[PDB]
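Trainee: Below is one structure. I have some questions about it.
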2 protein chains.
Amino acid sequence: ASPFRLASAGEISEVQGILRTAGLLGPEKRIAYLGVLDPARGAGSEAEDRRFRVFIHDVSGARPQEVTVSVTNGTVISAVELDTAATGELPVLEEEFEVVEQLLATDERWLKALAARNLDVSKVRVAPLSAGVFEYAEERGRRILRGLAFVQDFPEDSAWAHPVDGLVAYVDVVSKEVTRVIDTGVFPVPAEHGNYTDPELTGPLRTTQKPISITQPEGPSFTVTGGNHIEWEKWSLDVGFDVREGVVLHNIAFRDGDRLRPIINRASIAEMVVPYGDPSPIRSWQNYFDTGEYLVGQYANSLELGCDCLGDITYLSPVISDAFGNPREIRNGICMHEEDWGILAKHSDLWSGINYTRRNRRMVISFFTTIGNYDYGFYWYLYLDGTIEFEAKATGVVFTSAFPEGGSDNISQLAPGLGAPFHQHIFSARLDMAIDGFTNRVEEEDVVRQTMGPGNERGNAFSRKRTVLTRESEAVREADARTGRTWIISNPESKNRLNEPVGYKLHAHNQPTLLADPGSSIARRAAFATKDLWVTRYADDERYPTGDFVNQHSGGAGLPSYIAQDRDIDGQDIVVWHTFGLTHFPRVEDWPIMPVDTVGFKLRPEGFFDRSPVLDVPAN
Amino acid sequence: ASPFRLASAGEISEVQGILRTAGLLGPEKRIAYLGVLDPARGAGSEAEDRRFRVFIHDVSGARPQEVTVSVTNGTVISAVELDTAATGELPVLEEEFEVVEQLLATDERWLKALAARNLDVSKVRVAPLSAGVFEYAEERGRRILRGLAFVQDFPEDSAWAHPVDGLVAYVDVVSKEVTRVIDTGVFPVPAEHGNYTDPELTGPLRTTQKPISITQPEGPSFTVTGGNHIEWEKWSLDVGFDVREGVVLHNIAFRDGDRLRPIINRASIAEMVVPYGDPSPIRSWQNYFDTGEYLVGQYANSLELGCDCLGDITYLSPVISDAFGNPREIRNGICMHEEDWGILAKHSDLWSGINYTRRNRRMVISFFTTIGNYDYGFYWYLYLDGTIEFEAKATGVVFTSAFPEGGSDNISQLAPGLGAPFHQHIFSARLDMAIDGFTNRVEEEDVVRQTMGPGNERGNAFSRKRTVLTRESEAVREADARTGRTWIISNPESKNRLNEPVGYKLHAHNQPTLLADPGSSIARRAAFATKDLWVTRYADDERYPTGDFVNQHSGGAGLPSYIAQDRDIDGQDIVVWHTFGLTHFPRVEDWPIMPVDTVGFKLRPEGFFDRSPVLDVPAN
Ligand SMILES: [Cu+2]
Ligand SMILES: [Cu+2]
Ligand code: NA
Ligand code: NA
């Protein structure tokens, strides 16, 4: 009966039927985005109203629509025509991926460029790359993809080994026209293959790895009810899935004695951007919003047992809409398991003679997605001791270019003639906070050093300070690792037994934020990425740090627009947006396929509990 | 036959016999430190000379000696009387732990203080705490411990719940005198118990945890030969153990094709300090050098199977000397196992149709030690992809005090009337580098932001810069998280296939360094802890960042003295010393026993290999 249950195939089919009946889903219409909406605030009292949000594209050139449907009542709640030049283009459609290569294949400028390089058009793959917003006035209001070319020598070849540098094309994917072909000159196409399953490159496979078997002979310690409600070691939550955000966690709460205590109302990765740092005109426009432009959830992998996820795994198989509104299942798209996590607590006491050891565990909820060359794993962890953690795992194949003769300040060499432009992968976690309920505030906590003198004669004292963020205008914060800066979310109306407000402390990794010049297109479009932490007052339409329509959308929406409202956030329903990312100067070791690298953040209880919450964990 | 084998019981007994025969180990002598020395540089050509270093204390008040013995040849190599007032007191002896309480029990000032607080002397435990160097001239040249008191209500009671604040004593443990008793006034002794095995506090133990079974049905993938030589998934190393440093890794190398390539010659935690930040005179002198003053290795726990270490574990049982030179085995004191580590690399390629997934693993070498209230785990990890990582796990019981009425800027409240003074746990990892051999250099690498303008018209470019550290005077470096600062150790004479020097990149956690005022005693004694990274030219007598004798030893030795030599470190035999630590403002959740918290660092290959080193890892 949960209003947070996953969308069923039946609900998606019903949205399709409702849209059809209403005249909104004729033969030229395509669903670019479809997702369930969360229940409104205080709606637990009322009966269920399952609502779905839909972005509908029109392949005949007509304007797209944003539509909200009540699947419960069989009605269209709202439907509005979008002016994309103003508010943004809809997300890239999967069916458009192939169109760039297809159109370019009969374009005389493209063919001339390929001929200059002695490349067979039949062997030239073209990546369908988001366009962003630059100096090309004709693109405003048009659905444009840009194309970069890679040679594929045979069907099983890794085309990433063979970038065609000095060449880029721009394509209007609706009118099916090539708007521009830019050829700045030939570069050698790197010749070495990158086929990581070819025995010639791998050499003889290791025979040294003996098996590791992870089993749970009594099954797992968590239960799943209502399709997606998890209960595990005092934790309770609902595992949602959205085609844009991927796995979304709802109603994270911890059962402390008798009382179910909320911690986080909703946790998601609300955006992720991959800005490239190569000033070549062939690539200087490249910034991929995997979440906002491409919808990462939709490309979630089916995860194979004992391979992607090891141990006793329980899977969810989320259902999404295809381009026509038919349900499609992502089989085994979400892994859920618990795993051992080393020592939890240990003390061997001389005076009492008592030796004590307890083991830790974490609940793991994950998925893995692929967009082009990139593959990302998104992992949420809940620990016995109350810690909540997110980790992103980045792998795949590095996006390549030529490596310039005589080197580059903005590109790494991976193989002879083969380059990897510098880039970042930057995430925004949106944490709709509910520390013991919705009345929350955030404080920035810094370590405070003290001077040797009166009151500190030996010069050993140190302290800390906390600054409450009272209004949104003062809640745009940067990291300070040197001073141990963290942020505490607390509930000023809920005190622990020591009469202190209950709280959770956010620990960041303090990685560099967005490096681009502040006057760049990307600094405006990914404004969120320029600062480590933002706090907003909750609003049901403030979902993404980049706004609803990111594709070919200038600044104007998202977090900078939300915080201009300068709302009170001191003991209110608030949302924390944490920016965190990797800055990648590719190494030779990343080629021809990249070993996982990670980034993340965690939140630990900070006087939330009245003592350790893991005193009741048993021995052995 | 390895010259890096663990010390055997026979060798320790033989050192005892050699010392006895030489007149150096009569009945008033005690061994404060005994360890094997590493072979000298280029000594692989010559026959084995196993040498042992010994610090010998004399309980009758005579001066201690530093002695080097050749167990191979049955000789004393050198023996020198120490002037402790100058060079430092020997490490605290285990037999001295009990002496502080024992002496204080019949001291009329101590008894008067306890009587004022209505405390039974029979129930008052006294912690034997290192003294440091402050304003007390009479302590110079004397072995002093300071005593802080805790009430133990019954034999199995956790005395840490009941600190006796306002009271401290100083004791000369050789002459067996109480030098000073300071009573600044009564504080309430906190009354609540902290007995984490008492059902009244734990409540009913959870019955919800189902078993997790980790087995290896064909045994582990690593081999152990010569007692302590490990071979695992291309890695080779020797696992040493020293009573001061604990687990020491030697000869870390990676077999790349045919060639065994050195990476790190020796890795250890060469010091660890716990400075306290409470300006009360009762505690303002508290700084515990667990490694240098107490010798952490000697208190290594015996680790129980399926409990401290889970899975298919191979143990080492290192042998150490007792106070009289007899061998004593630390049974199951070192755990060795491999464990699964999630996804190593993954890509699902649209164009080629090939889907590829490989699992990661790490080799784990660990031990756990206990000193008083503190328990620390030291973990070294080697990963398939060439990454080397260290992690410290801090747990135990927090060191307590009274919590002052009306609060404190330097102390946390844990329970009614119960305080936890702020402190840090700061480690020094000494990495005797050997990237493809001994000719190494270090560069500091920062991200470089670029301005929008000519050559960067879209304001997207970013870069990096590397600064070679050429001499020791310029090799004292601080973190800069905001600019993504790392340090690369490379070999300028060994290039990869792309003609770039092979290297490894050190990634720090960028936690705060030593917070104490720069004019404090602790800032001078733990100078290493004030900066994140030091690089020295290798010398066989430069072992610890705090010098050989840390106990009651002022500034004058250690890293600041080593780098004054201003030696060339640009393509030379060099040593990196990385400071890293935790800054602990104790939380209510840390009481009555602390959940593990962690800190560490890692090194990743940076063009060391000619491509990914894990292409030959098999499927599933
Ligand atoms: Cu990357
Ligand atoms: Cu601590
Ligand atoms: Na909220
Ligand atoms: Na070295």
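Identifiers in this document derive from the order of the structure tokens: chains are assigned A, B, ..., residues are numbered from 1 separately in each chain, and ligands are numbered from 1 in order of occurrence.
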Quick one: residues within 12 Å of residue 3 in chain B, only C-alpha atoms, excluding same-chain residues fewer than 6 positions away - as a count of residues only?

Mentor: 24

Trainee: Set the cut-off to 12 Å, count only C-alpha atoms and all ligand atoms, and list whatever residues fall near ligand 3 as a PyMOL selection string.

Mentor: chain A and resi 41+250-252+262-267+430-442+489-491+535-540+569-577

Trainee: Would you kindly return, as a PyMOL selection string, each protein, DNA or RNA residue with an atom no farther than 12 Å from any atom of residue 406 in chain A, considering only C-alpha atoms and excluding same-chain residues fewer than 6 positions away?

Mentor: chain A and resi 412-413+417

Trainee: Just write the chosen residues, N, CA, C and O atoms, as a JSON list (two decimals), in the first residue's frame.

Mentor:
```
[["chain", "number", "residue", "atom", "x", "y", "z"],
["A", 412, "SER", "N", 46.56, 14.25, -21.62],
["A", 412, "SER", "CA", 47.52, 13.23, -21.23],
["A", 412, "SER", "C", 47.79, 12.28, -22.38],
["A", 412, "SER", "O", 46.88, 11.98, -23.14],
["A", 413, "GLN", "N", 49.00, 11.75, -22.48],
["A", 413, "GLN", "CA", 49.27, 10.68, -23.44],
["A", 413, "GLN", "C", 49.03, 9.31, -22.82],
["A", 413, "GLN", "O", 49.54, 9.03, -21.76],
["A", 417, "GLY", "N", 50.50, 8.53, -29.87],
["A", 417, "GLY", "CA", 49.60, 9.40, -30.59],
["A", 417, "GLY", "C", 48.22, 9.56, -29.97],
["A", 417, "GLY", "O", 47.41, 10.34, -30.49]]
```

Trainee: Report as a Markdown table the residues of chain A within 9 Å of ligand 1, each with its shortest atom pair and distance in Å (one decimal), using only C-alpha atoms and all ligand atoms, ordered by chain and increasing residue number.

Mentor:
```
| residue | atom | partner | partner_atom_place_in_ligand_line | distance |
| --- | --- | --- | --- | --- |
| A:274 | CA | ligand 1 | 1 (Cu) | 8.0 |
| A:374 | CA | ligand 1 | 1 (Cu) | 8.3 |
| A:394 | CA | ligand 1 | 1 (Cu) | 7.2 |
| A:395 | CA | ligand 1 | 1 (Cu) | 7.8 |
| A:396 | CA | ligand 1 | 1 (Cu) | 9.0 |
| A:397 | CA | ligand 1 | 1 (Cu) | 8.8 |
| A:398 | CA | ligand 1 | 1 (Cu) | 6.5 |
| A:399 | CA | ligand 1 | 1 (Cu) | 8.0 |
| A:422 | CA | ligand 1 | 1 (Cu) | 7.8 |
| A:423 | CA | ligand 1 | 1 (Cu) | 6.1 |
| A:424 | CA | ligand 1 | 1 (Cu) | 6.1 |
| A:425 | CA | ligand 1 | 1 (Cu) | 6.3 |
| A:582 | CA | ligand 1 | 1 (Cu) | 7.3 |
| A:583 | CA | ligand 1 | 1 (Cu) | 7.2 |
| A:584 | CA | ligand 1 | 1 (Cu) | 4.8 |
| A:585 | CA | ligand 1 | 1 (Cu) | 7.5 |
| A:586 | CA | ligand 1 | 1 (Cu) | 6.9 |
| A:594 | CA | ligand 1 | 1 (Cu) | 8.8 |
| A:597 | CA | ligand 1 | 1 (Cu) | 8.7 |
```

Trainee: Write the residues you've just listed into a file as a tab-separated table (two decimals), in the first residue's frame, and include N, CA, C and O atoms for each of them.

Mentor:
```
chain	number	residue	atom	x	y	z
A	274	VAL	N	30.26	16.38	-16.38
A	274	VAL	CA	31.60	16.02	-16.80
A	274	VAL	C	32.11	17.10	-17.73
A	274	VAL	O	31.89	17.05	-18.93
A	374	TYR	N	31.46	5.93	-20.79
A	374	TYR	CA	31.48	6.03	-19.33
A	374	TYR	C	30.62	4.99	-18.70
A	374	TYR	O	29.57	4.66	-19.20
A	394	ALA	N	33.74	5.27	-10.71
A	394	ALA	CA	33.88	5.65	-12.11
A	394	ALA	C	34.81	4.70	-12.83
A	394	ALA	O	35.96	4.49	-12.44
A	395	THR	N	34.33	4.18	-13.94
A	395	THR	CA	35.14	3.30	-14.78
A	395	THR	C	34.69	3.50	-16.24
A	395	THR	O	34.19	4.59	-16.60
A	396	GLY	N	34.85	2.48	-17.07
A	396	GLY	CA	34.62	2.60	-18.50
A	396	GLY	C	35.92	2.81	-19.25
A	396	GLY	O	37.00	2.41	-18.82
A	397	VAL	N	35.80	3.47	-20.40
A	397	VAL	CA	36.92	3.78	-21.27
A	397	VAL	C	37.06	5.31	-21.30
A	397	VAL	O	36.08	6.04	-21.43
A	398	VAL	N	38.29	5.79	-21.19
A	398	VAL	CA	38.49	7.24	-21.19
A	398	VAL	C	38.15	7.83	-22.57
A	398	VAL	O	38.37	7.20	-23.59
A	399	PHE	N	37.56	9.02	-22.58
A	399	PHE	CA	37.25	9.72	-23.80
A	399	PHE	C	38.57	10.22	-24.37
A	399	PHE	O	39.33	10.90	-23.67
A	422	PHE	N	41.93	16.32	-20.19
A	422	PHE	CA	41.64	16.47	-18.78
A	422	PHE	C	40.14	16.80	-18.60
A	422	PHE	O	39.50	17.43	-19.44
A	423	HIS	N	39.56	16.34	-17.50
A	423	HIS	CA	38.14	16.57	-17.24
A	423	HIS	C	37.86	16.33	-15.75
A	423	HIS	O	38.76	15.92	-15.00
A	424	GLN	N	36.64	16.61	-15.33
A	424	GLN	CA	36.17	16.37	-13.99
A	424	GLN	C	34.88	15.57	-14.09
A	424	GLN	O	34.25	15.56	-15.14
A	425	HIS	N	34.53	14.88	-13.02
A	425	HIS	CA	33.23	14.23	-12.89
A	425	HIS	C	32.70	14.80	-11.60
A	425	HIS	O	33.25	14.51	-10.53
A	582	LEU	N	35.54	14.23	-8.89
A	582	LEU	CA	36.87	13.81	-9.22
A	582	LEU	C	37.43	14.70	-10.28
A	582	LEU	O	36.73	15.06	-11.22
A	583	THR	N	38.71	15.03	-10.15
A	583	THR	CA	39.41	15.76	-11.18
A	583	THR	C	40.39	14.76	-11.79
A	583	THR	O	41.25	14.23	-11.10
A	584	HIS	N	40.23	14.52	-13.08
A	584	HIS	CA	40.88	13.40	-13.76
A	584	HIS	C	41.88	13.89	-14.79
A	584	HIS	O	41.53	14.50	-15.82
A	585	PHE	N	43.15	13.62	-14.49
A	585	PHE	CA	44.25	13.77	-15.43
A	585	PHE	C	44.59	12.33	-15.80
A	585	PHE	O	45.24	11.64	-15.02
A	586	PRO	N	44.07	11.83	-16.92
A	586	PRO	CA	44.20	10.40	-17.16
A	586	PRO	C	45.65	9.93	-17.21
A	586	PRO	O	46.56	10.62	-17.66
A	594	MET	N	39.56	1.60	-17.81
A	594	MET	CA	39.91	2.29	-16.58
A	594	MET	C	39.60	1.48	-15.31
A	594	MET	O	38.47	1.10	-15.10
A	597	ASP	N	37.85	4.34	-9.99
A	597	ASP	CA	38.20	5.35	-9.01
A	597	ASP	C	36.92	5.84	-8.33
A	597	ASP	O	35.81	5.70	-8.88
```

Trainee: Among range 45-239 of chain A, which ones does DSSP assign to alpha helix (DSSP H) (computed from the backbone)? Answer as a list in words.

Mentor: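 So the alpha helix (DSSP H) residues in range 45-239 of chain A would be residues 84, 85, 86, 87, 99, 100, 101, 102, 103, 104, 108, 109, 110, 111, 112, 113, 114, 115, 116, 199, 200, 201 and 202 of chain A.
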
Trainee: Smallest atom-to-atom distance to residue 119 in chain B: which of B:150, B:299, B:324, B:285, using only C-alpha atoms?

Mentor: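 The closest residue to residue 119 in chain B is B:150.
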
Trainee: Show me, as JSON, numbers by chain, the residues that have an atom within 8 Å of residue 289 in chain A when counting only C-alpha atoms, minus same-chain residues fewer than 2 positions from it.

Mentor: {"A": [271, 272, 273, 274, 287, 291, 292, 293, 294, 550]}

Trainee: Tell me which protein, DNA and RNA residues are within 12 Å of residue 366 in chain A, counting only C-alpha atoms, leaving out same-chain ones fewer than 3 positions away, and put them as a VMD selection string.

Mentor: (chain A and resid 239 to 241 246 to 249 297 300 to 303 308 to 309 313 to 316 332 to 338 363 369 376 to 382 389 to 393) or (chain B and resid 342 to 343)

Trainee: What's around residue 7 in chain B at 8 Å? Count only C-alpha atoms, leave out sequence neighbours fewer than 5 positions away in its own chain, and write the answer as a PyMOL selection string.

Mentor: chain B and resi 12+36+318-320

Trainee: Env of range 104-113 of chain B: 8 Å cut, atoms = only C-alpha atoms, seq-sep filter 2 positions within chain, self excluded. Answer as a list in words.

Mentor: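 Skipping anything fewer than 2 positions along the chain leaves residues 100, 101, 102, 115, 116, 117, 121, 167, 169, 178, 181 and 183 of chain B.
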
Trainee: Take the residues from that selection and put them in a file with N, CA, C and O atoms, as an mmCIF file, in the first residue's frame.

Mentor:
```cif
data_model
loop_
_atom_site.group_PDB
_atom_site.id
_atom_site.type_symbol
_atom_site.label_atom_id
_atom_site.label_comp_id
_atom_site.auth_asym_id
_atom_site.auth_seq_id
_atom_site.Cartn_x
_atom_site.Cartn_y
_atom_site.Cartn_z
ATOM 1 N N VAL B 100 52.799 3.475 39.468
ATOM 2 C CA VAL B 100 52.252 4.789 39.809
ATOM 3 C C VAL B 100 51.174 4.630 40.889
ATOM 4 O O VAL B 100 51.238 5.271 41.937
ATOM 5 N N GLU B 101 50.209 3.754 40.637
ATOM 6 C CA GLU B 101 49.152 3.474 41.593
ATOM 7 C C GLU B 101 49.714 2.950 42.919
ATOM 8 O O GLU B 101 49.317 3.410 43.989
ATOM 9 N N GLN B 102 50.620 1.983 42.824
ATOM 10 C CA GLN B 102 51.275 1.368 43.995
ATOM 11 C C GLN B 102 51.944 2.382 44.919
ATOM 12 O O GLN B 102 51.789 2.300 46.141
ATOM 13 N N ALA B 115 40.444 11.113 50.208
ATOM 14 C CA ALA B 115 39.564 11.289 51.356
ATOM 15 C C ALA B 115 38.640 12.479 51.194
ATOM 16 O O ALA B 115 37.482 12.392 51.558
ATOM 17 N N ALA B 116 39.135 13.575 50.613
ATOM 18 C CA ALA B 116 38.308 14.759 50.366
ATOM 19 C C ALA B 116 37.134 14.459 49.442
ATOM 20 O O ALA B 116 36.122 15.151 49.476
ATOM 21 N N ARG B 117 37.301 13.438 48.598
ATOM 22 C CA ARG B 117 36.302 13.023 47.609
ATOM 23 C C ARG B 117 35.549 11.759 48.018
ATOM 24 O O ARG B 117 34.746 11.220 47.243
ATOM 25 N N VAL B 121 40.721 4.166 48.482
ATOM 26 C CA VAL B 121 41.992 3.994 47.761
ATOM 27 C C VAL B 121 42.077 2.638 47.051
ATOM 28 O O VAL B 121 42.680 2.524 45.979
ATOM 29 N N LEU B 167 42.850 16.456 40.058
ATOM 30 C CA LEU B 167 43.878 15.768 40.798
ATOM 31 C C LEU B 167 44.838 15.149 39.823
ATOM 32 O O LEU B 167 44.421 14.483 38.875
ATOM 33 N N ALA B 169 49.140 13.433 39.973
ATOM 34 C CA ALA B 169 50.389 13.204 40.698
ATOM 35 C C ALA B 169 51.535 12.906 39.738
ATOM 36 O O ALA B 169 51.324 12.419 38.644
ATOM 37 N N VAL B 178 57.098 9.768 45.097
ATOM 38 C CA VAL B 178 56.089 10.690 44.581
ATOM 39 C C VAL B 178 56.649 12.105 44.655
ATOM 40 O O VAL B 178 56.875 12.610 45.741
ATOM 41 N N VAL B 181 51.991 16.113 44.185
ATOM 42 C CA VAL B 181 50.561 15.818 44.112
ATOM 43 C C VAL B 181 49.842 17.155 44.004
ATOM 44 O O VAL B 181 49.961 17.977 44.889
ATOM 45 N N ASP B 183 46.281 19.095 43.691
ATOM 46 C CA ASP B 183 44.835 19.035 43.857
ATOM 47 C C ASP B 183 44.270 20.444 43.687
ATOM 48 O O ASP B 183 44.460 21.287 44.561
#
```

Trainee: Which residues in range 16-117 of chain A does DSSP call strand (DSSP E or B)? List them as a PyMOL selection string.

Mentor: chain A and resi 29-36+51-58+65-70+75-81+89

Trainee: Those same residues, written as a PDB file, in the first residue's frame with N, CA and C atoms?

Mentor:
```
ATOM      1  N   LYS A  29       4.357  11.695 -31.210  1.00  0.00           N
ATOM      2  CA  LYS A  29       4.836  11.996 -29.859  1.00  0.00           C
ATOM      3  C   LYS A  29       5.792  10.926 -29.341  1.00  0.00           C
ATOM      4  N   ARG A  30       6.796  11.356 -28.572  1.00  0.00           N
ATOM      5  CA  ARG A  30       7.726  10.443 -27.911  1.00  0.00           C
ATOM      6  C   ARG A  30       7.896  10.864 -26.445  1.00  0.00           C
ATOM      7  N   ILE A  31       7.950   9.906 -25.536  1.00  0.00           N
ATOM      8  CA  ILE A  31       8.216  10.218 -24.133  1.00  0.00           C
ATOM      9  C   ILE A  31       9.737  10.382 -23.936  1.00  0.00           C
ATOM     10  N   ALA A  32      10.177  11.604 -23.616  1.00  0.00           N
ATOM     11  CA  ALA A  32      11.571  11.887 -23.290  1.00  0.00           C
ATOM     12  C   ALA A  32      11.906  11.658 -21.812  1.00  0.00           C
ATOM     13  N   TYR A  33      10.905  11.814 -20.961  1.00  0.00           N
ATOM     14  CA  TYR A  33      11.039  11.595 -19.531  1.00  0.00           C
ATOM     15  C   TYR A  33       9.680  11.214 -18.953  1.00  0.00           C
ATOM     16  N   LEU A  34       9.690  10.226 -18.071  1.00  0.00           N
ATOM     17  CA  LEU A  34       8.497   9.813 -17.352  1.00  0.00           C
ATOM     18  C   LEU A  34       8.941   9.304 -15.995  1.00  0.00           C
ATOM     19  N   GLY A  35       8.322   9.840 -14.954  1.00  0.00           N
ATOM     20  CA  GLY A  35       8.631   9.437 -13.600  1.00  0.00           C
ATOM     21  C   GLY A  35       7.471   9.669 -12.666  1.00  0.00           C
ATOM     22  N   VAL A  36       7.413   8.873 -11.613  1.00  0.00           N
ATOM     23  CA  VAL A  36       6.432   9.091 -10.566  1.00  0.00           C
ATOM     24  C   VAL A  36       6.845  10.307  -9.723  1.00  0.00           C
ATOM     25  N   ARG A  51       0.846  10.267  -8.946  1.00  0.00           N
ATOM     26  CA  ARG A  51       0.991  11.176 -10.055  1.00  0.00           C
ATOM     27  C   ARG A  51       2.309  10.947 -10.770  1.00  0.00           C
ATOM     28  N   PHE A  52       2.275  11.165 -12.076  1.00  0.00           N
ATOM     29  CA  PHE A  52       3.417  10.953 -12.939  1.00  0.00           C
ATOM     30  C   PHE A  52       3.689  12.230 -13.716  1.00  0.00           C
ATOM     31  N   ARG A  53       4.969  12.566 -13.856  1.00  0.00           N
ATOM     32  CA  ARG A  53       5.409  13.714 -14.639  1.00  0.00           C
ATOM     33  C   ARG A  53       6.000  13.201 -15.939  1.00  0.00           C
ATOM     34  N   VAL A  54       5.603  13.826 -17.043  1.00  0.00           N
ATOM     35  CA  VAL A  54       6.003  13.405 -18.372  1.00  0.00           C
ATOM     36  C   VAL A  54       6.484  14.611 -19.193  1.00  0.00           C
ATOM     37  N   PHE A  55       7.593  14.431 -19.894  1.00  0.00           N
ATOM     38  CA  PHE A  55       8.061  15.374 -20.908  1.00  0.00           C
ATOM     39  C   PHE A  55       7.815  14.698 -22.260  1.00  0.00           C
ATOM     40  N   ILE A  56       6.994  15.306 -23.106  1.00  0.00           N
ATOM     41  CA  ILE A  56       6.620  14.710 -24.395  1.00  0.00           C
ATOM     42  C   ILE A  56       7.217  15.505 -25.535  1.00  0.00           C
ATOM     43  N   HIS A  57       8.022  14.828 -26.346  1.00  0.00           N
ATOM     44  CA  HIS A  57       8.672  15.402 -27.508  1.00  0.00           C
ATOM     45  C   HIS A  57       7.794  15.076 -28.736  1.00  0.00           C
ATOM     46  N   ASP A  58       7.941  15.882 -29.778  1.00  0.00           N
ATOM     47  CA  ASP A  58       7.190  15.731 -31.022  1.00  0.00           C
ATOM     48  C   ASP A  58       8.198  15.710 -32.169  1.00  0.00           C
ATOM     49  N   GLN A  65       5.713  19.182 -24.632  1.00  0.00           N
ATOM     50  CA  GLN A  65       4.822  19.473 -23.521  1.00  0.00           C
ATOM     51  C   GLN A  65       5.367  18.902 -22.220  1.00  0.00           C
ATOM     52  N   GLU A  66       5.125  19.613 -21.124  1.00  0.00           N
ATOM     53  CA  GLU A  66       5.275  19.046 -19.792  1.00  0.00           C
ATOM     54  C   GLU A  66       3.899  18.713 -19.259  1.00  0.00           C
ATOM     55  N   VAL A  67       3.713  17.468 -18.828  1.00  0.00           N
ATOM     56  CA  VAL A  67       2.408  16.974 -18.430  1.00  0.00           C
ATOM     57  C   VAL A  67       2.509  16.278 -17.083  1.00  0.00           C
ATOM     58  N   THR A  68       1.518  16.516 -16.236  1.00  0.00           N
ATOM     59  CA  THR A  68       1.345  15.776 -15.010  1.00  0.00           C
ATOM     60  C   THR A  68       0.029  15.004 -15.098  1.00  0.00           C
ATOM     61  N   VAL A  69       0.094  13.703 -14.824  1.00  0.00           N
ATOM     62  CA  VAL A  69      -1.055  12.801 -14.895  1.00  0.00           C
ATOM     63  C   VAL A  69      -1.334  12.176 -13.527  1.00  0.00           C
ATOM     64  N   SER A  70      -2.601  12.062 -13.151  1.00  0.00           N
ATOM     65  CA  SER A  70      -2.983  11.256 -12.002  1.00  0.00           C
ATOM     66  C   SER A  70      -3.350   9.852 -12.474  1.00  0.00           C
ATOM     67  N   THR A  75      -6.689  11.000 -14.896  1.00  0.00           N
ATOM     68  CA  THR A  75      -6.819  12.359 -15.407  1.00  0.00           C
ATOM     69  C   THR A  75      -5.501  13.041 -15.750  1.00  0.00           C
ATOM     70  N   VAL A  76      -5.585  13.998 -16.654  1.00  0.00           N
ATOM     71  CA  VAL A  76      -4.507  14.949 -16.849  1.00  0.00           C
ATOM     72  C   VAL A  76      -4.701  16.079 -15.837  1.00  0.00           C
ATOM     73  N   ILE A  77      -3.748  16.230 -14.918  1.00  0.00           N
ATOM     74  CA  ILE A  77      -3.725  17.348 -13.969  1.00  0.00           C
ATOM     75  C   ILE A  77      -3.311  18.662 -14.642  1.00  0.00           C
ATOM     76  N   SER A  78      -2.225  18.636 -15.410  1.00  0.00           N
ATOM     77  CA  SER A  78      -1.747  19.815 -16.135  1.00  0.00           C
ATOM     78  C   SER A  78      -0.959  19.422 -17.372  1.00  0.00           C
ATOM     79  N   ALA A  79      -0.985  20.294 -18.366  1.00  0.00           N
ATOM     80  CA  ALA A  79      -0.281  20.085 -19.622  1.00  0.00           C
ATOM     81  C   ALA A  79       0.055  21.455 -20.190  1.00  0.00           C
ATOM     82  N   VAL A  80       1.339  21.733 -20.370  1.00  0.00           N
ATOM     83  CA  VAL A  80       1.787  23.045 -20.822  1.00  0.00           C
ATOM     84  C   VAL A  80       2.781  22.903 -21.963  1.00  0.00           C
ATOM     85  N   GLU A  81       2.579  23.657 -23.044  1.00  0.00           N
ATOM     86  CA  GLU A  81       3.540  23.697 -24.146  1.00  0.00           C
ATOM     87  C   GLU A  81       4.794  24.432 -23.714  1.00  0.00           C
ATOM     88  N   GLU A  89      15.761  22.562 -23.870  1.00  0.00           N
ATOM     89  CA  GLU A  89      15.335  21.391 -24.641  1.00  0.00           C
ATOM     90  C   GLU A  89      15.135  20.202 -23.733  1.00  0.00           C
TER      91      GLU A  89
END
```

Trainee: Which value, in Å to one decimal, gives the distance between CA of residue 464 in chain A and CA of residue 448 in chain A?

Mentor: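 Separation between CA of residue 464 in chain A and CA of residue 448 in chain A: 4.6 Å.
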